[PDB]
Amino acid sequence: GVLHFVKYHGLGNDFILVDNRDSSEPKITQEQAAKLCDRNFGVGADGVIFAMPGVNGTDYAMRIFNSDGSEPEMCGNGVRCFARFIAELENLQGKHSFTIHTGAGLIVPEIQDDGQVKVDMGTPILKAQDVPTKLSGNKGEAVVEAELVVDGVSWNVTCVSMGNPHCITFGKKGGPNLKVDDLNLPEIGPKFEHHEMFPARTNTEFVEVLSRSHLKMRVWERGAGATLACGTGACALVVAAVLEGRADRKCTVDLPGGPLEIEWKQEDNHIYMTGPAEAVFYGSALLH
């Protein structure tokens, strides 16, 4: 078989985008996606994103498979690429917004004049059971700066879902601030990702506060590893920073691949994420 696609990246978080507007079922299996995402034996990507037909009135729907083949419920860098991809297919020039049905609910990206995409990422989910996490809520049903014992070491974490689960930490329990570049993600990351307290596994964001409006982070993603950026993660860590009282609702988040502008609007409780999305190459891959 043959899979036609277009390669895009949002701050280095790269994806295989496929036009699946003709069917409600993804053109390839999760197993095929995992093979295609292998960087040496396949096309190479952090995931495969499908542009599908709208659901209940939305312009389109989006489904995504992580490079390990699992299906997460949303992807911020990916939805910015999705908007640019649709624009290319439909010859839409300049500013345009679309309603997208996703596993996290309604998401509304709007292409900006400069080509970046400002996305309405919806509202954060903080109730422990729905994140989901087995940690007990310590601020209402929300888990904020709570103890998580990781391989015998006590860390403090805040849990938030953007449809997908995030475990955000600013450091160990009773410990100093983090210098995220000093962390050994391949070592510590998997211990959070597969922790027994996260039934569906979790994405993990390690954060260093530079100022109340400027945060630096590294992320170990569920099913994708140490990526250059994670949009849902940047949204979740700003929510966590606000809940822990370490930063304000509008921050610039520096991710390994570059910055994102995040704002958690108190007026509507929605989170807006603005960042770039760029097409890299067009192709056809051999399917097995």
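All residue numbers refer to positions in the sequence shown, first residue = 1.
As the entry records it, the average C-alpha temperature factor is higher for 245-253, out of 245-253 and 228-236. Higher mean CA B-factor, judged across 165-173 and 127-135 from the recorded values: 127-135. In this PDB entry, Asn66 carries a Cα temperature factor that places it within the lowest third of its chain's modelled residues. In the deposited entry, the Cα temperature factor of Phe98 places it in the highest third of its chain's modelled residues. The PDB entry assigns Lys179 a C-alpha temperature factor belonging to the highest third of its chain's modelled residues.
Among all modelled residues in its chain, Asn91 ranks in the highest third by Cα B-factor. In the PDB entry, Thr158 places in the lowest third of its chain by CA B-factor.
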